[PDB]
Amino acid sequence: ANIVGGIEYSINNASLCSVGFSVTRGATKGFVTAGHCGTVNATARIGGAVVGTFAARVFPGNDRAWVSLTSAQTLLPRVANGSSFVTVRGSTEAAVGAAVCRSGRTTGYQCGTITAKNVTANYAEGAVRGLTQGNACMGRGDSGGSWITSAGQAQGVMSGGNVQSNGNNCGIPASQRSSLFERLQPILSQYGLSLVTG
């Protein structure tokens, strides 16, 4: 399969999440995603085919993971925006106030701004600290998906947010949204990963 940020993948033929970013670890191909999406060794599938397994994850506390892919997979420096693509050019972290977008299999490509950093989320499993908050909307299933600026700077992966009864927070104003992502930089260094760029 072609690995693009924002696309759907399943975990152990059960839960669905979204791809964060194509990365390499030496000769090994992979993609970063959210830790809550799967446990170590869990099988990832795209288009009905096995593409790899969860190599490592930290959740709760943090919310990160990377899926180690088979060499048959095709890594791409891109994030889905409708039928088009946003090129991944680097991982410069944007400041509070910056515009930012996210991509996922539930709500697609959504944009907003970064409103706060170092935010704690109290999830069912425990607290996750150090998350960055934006007001682009999201929904259940967008988890693990790419957060990236229009200029191509990869920011992080979708962790969680204040989803309403309809499963997303797109039906409430941006001012009331808390959409949280796990910063990309600590994921890359923790697992010795290099972002695939173009």
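Residue indices: 1-based, along the sequence shown.
Here 169 to 177 and 50 to 58 are compared by their mean Cα B-factor, and 169 to 177 comes out higher. The mean C-alpha temperature factor is higher for 41 to 49 when 41 to 49 and 27 to 35 are set side by side. Per the deposited coordinates, the residue with the largest Cα temperature factor out of 70, 159, 153, 132 is 70. Annotation for 87, 103, 118, 91: 118 ranks highest, by Cα B-factor. Residue 13 sits in the highest third of its chain by CA B factor, as recorded in the PDB entry. When the modelled residues of the chain are ordered by C-alpha B-factor, residue 148 sits in the middle third. When the CA B factors of the chain's modelled residues are split into thirds, the value for residue 136 lands in the middle one. Annotation for residue 1: CA B-factor lies in the middle third of the chain's modelled residues.
Ranked within its chain, residue 193 lands in the lowest third, by CA B factor from the PDB record.
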